[PDB]
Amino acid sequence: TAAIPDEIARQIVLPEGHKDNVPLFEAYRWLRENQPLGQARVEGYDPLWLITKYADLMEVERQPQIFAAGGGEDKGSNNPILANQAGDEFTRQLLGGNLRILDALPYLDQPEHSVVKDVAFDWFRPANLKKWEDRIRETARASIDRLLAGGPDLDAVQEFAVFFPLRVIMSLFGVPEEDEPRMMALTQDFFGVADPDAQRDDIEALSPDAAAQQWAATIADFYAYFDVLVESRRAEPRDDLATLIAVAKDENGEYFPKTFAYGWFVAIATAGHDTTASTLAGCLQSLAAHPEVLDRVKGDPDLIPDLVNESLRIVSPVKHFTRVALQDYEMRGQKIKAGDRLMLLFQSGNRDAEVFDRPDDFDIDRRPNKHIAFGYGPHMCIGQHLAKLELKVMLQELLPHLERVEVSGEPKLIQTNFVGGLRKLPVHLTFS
């Protein structure tokens, strides 16, 4: 019934606690074993129930009428992405009393969430992504040719893994190649709001609300760019994802307000490539640690989807979203009160020993691989089938060219409690 111990709560809640995966995953493990559903009360944050168990993540996510993303009828009364209190106070000054800074899926509750998701639902289904496989494969091949020409010594992240998923999503989206560097810079600003190596020059870096200022500044740069793209596709439609979203109309034949298109476009321009790059880099890191796995998948390319699934489980680069209890609710002997916020810890769910035998082991032979790296419930990752296709296609093209991966310098993680993974993986490759 007590609060979570401060040292454990701080390790998970504070962005600084994610700088090193070792103490972070030991804090998740301490909770799952000792206090699987407790309230973290960290100075400068709202109290948060830390949802550490696989079964609890599904129980919460499958009941959106109880556990809201955006606050329910009081729209924008909950921030789905954990800011500190000072940050949420900054946002309420910016927006005038609420926290809905984007009109994007994570901020929405049903039935609004369903109406908006219906715009892109079919586009993201596996059968509808098949039309892109050959173009993704040509992109993967172009990226691997540059890797082979560049020699065996590189940062597998900033000199390889980042470019492929960015080129794929910008090509599908319909953004020209020359705009990719600025999209990459803004994605770094967006997911780097609390990382001292990713600070924007235009906001206060050390203010209590610094991360919320960076988030808003980054969004404003996206809105400027996307407003031009929305008016462009409304005036002259193309066969691209920018058009599908730009021209989308409601049941009354009115365009959705432009901010809905901007919200899609922000999610696509950031989430649409960064986590794909992280998972690919974490895959290479695991192949360095488990060379027998690389030998096996080179011997049987049909194992590549299993390798992708186990990489998603181990890397789990999307660490949380938040929810708010719309009513009192009992779970695992604890009384969650109406108004209480919850932090869904997907990386912890993915190490739950009740679900996964030897959960810290890299084992591609888990079948089925029950991972929750894409979440659950109506907010389950809409991009997951695009991500899995890109990772499958890259590893089908790449792994024949790799005899060995060696990590030849210190890996670096993005310092974030939100969307993380490797920003640096110095390697020495042996080409086949």
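Numbering starts at 1 and runs along the sequence shown.
- In this crystal structure, the stretch out of 201-209 and 318-326 whose C-alpha atoms carry the higher mean B factor is 201-209.
- As listed in the deposited structure, the average C-alpha B-factor of 226-234 and of 102-110 is greater for 226-234.
- Within the listed group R341, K75, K249, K258, the record reports its top CA B-factor for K249.
- Of all the options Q39, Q384, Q65, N369, the entry's greatest CA B-factor is assigned to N369.
- Sort the modelled residues of the chain by CA B factor and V405 lands in the highest third.
- Sorting the modelled residues of the chain by their CA temperature factor places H273 in the middle third.
- Ranked by Cα temperature factor within the chain, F160 sits in the middle third according to the deposited record.
- Looking at the C-alpha B-factors along this chain, the one for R137 belongs to the middle third.
- For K19, the recorded CA B-factor ranks within the highest third of the chain. Only modelled residues enter the ranking.
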